[PDB]
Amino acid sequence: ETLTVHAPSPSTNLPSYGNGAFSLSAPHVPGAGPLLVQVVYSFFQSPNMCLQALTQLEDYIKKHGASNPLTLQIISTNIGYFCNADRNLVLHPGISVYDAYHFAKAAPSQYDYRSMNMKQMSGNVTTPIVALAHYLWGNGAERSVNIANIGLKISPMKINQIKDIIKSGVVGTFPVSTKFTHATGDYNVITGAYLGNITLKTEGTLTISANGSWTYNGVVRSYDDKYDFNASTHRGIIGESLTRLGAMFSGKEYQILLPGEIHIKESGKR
């Protein structure tokens, strides 16, 4: 039987991330000399930040115990920071993660889930932790993330209909309309954590030249309307951490929409 983490609130939040006993930063680099802002700015743009916050939670739970009230407070509060940063990224598309996380107009220690919680996640590196918050506290409400925000990289050669035309040795212009399974976790550790394997529809044009050069121009959208967030659908190193934390704490599974479309232009030779 699992433990309940309370939702972030001004009256329960700790005064800081990690109760001032740890913080989210770029790694100790021996012999580098003093740590500087440019290095920490980059650290926050990278997926490693997500990994690091999650690992820190696990390390804390290991050392101090999962049922210890302080532990549950730290969990609540830390996740609170992420929700707050991600809100700011949804609200201000294009700002850095460092800026959204540190210089938000609403103070992260003041975060209140019940009243501030968003249905739109940003798709940036803070999302996997936001997605966990919705499991803990969201009572099964639908969330969504726009397909243009998830870092899709499509290889047309791994799409059966396309591969076939290319391998067939034909030349000219060919219309494509197909559905495929796409493993986000194979290359994207962030999107892999909370979306994993998705189903996509694409429609477009394959152009093959006499010497085997091909170009695919097309549009990609989600084929399934929504995707489950549960222990089984996580993929990748971040996902595995979500699974371990999910198994320890009370919450509800819920579904994530993937509205939107992207336009792709990929190329190769046969």
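Counting begins at 1, following the sequence as shown.
- When the C-alpha B-factors of 182-190 and 105-113 are averaged, 105-113 comes out higher.
- For the pair 236-244 and 205-213, the mean B factor over Cα atoms is greater in 205-213.
- If you compare the C-alpha temperature factors of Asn139, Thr199, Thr126, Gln161 in the entry, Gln161 comes out highest.
- As recorded in the PDB entry, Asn68 shows the highest C-alpha B-factor of the residues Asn230, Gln38, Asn68, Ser222.
- Residue-level temperature factors show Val5 in the middle third of its chain, judged at the C-alpha atom.
- When the CA B factors of the chain's modelled residues are split into thirds, the value for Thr77 lands in the lowest one.
- Compared with the other modelled residues of the chain, the Cα B-factor recorded for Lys167 ranks in the highest third.
- Annotation for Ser96: CA B-factor lies in the middle third of the chain's modelled residues.
- Annotation for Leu89: C-alpha temperature factor in the middle third relative to the rest of the modelled chain, per the entry.
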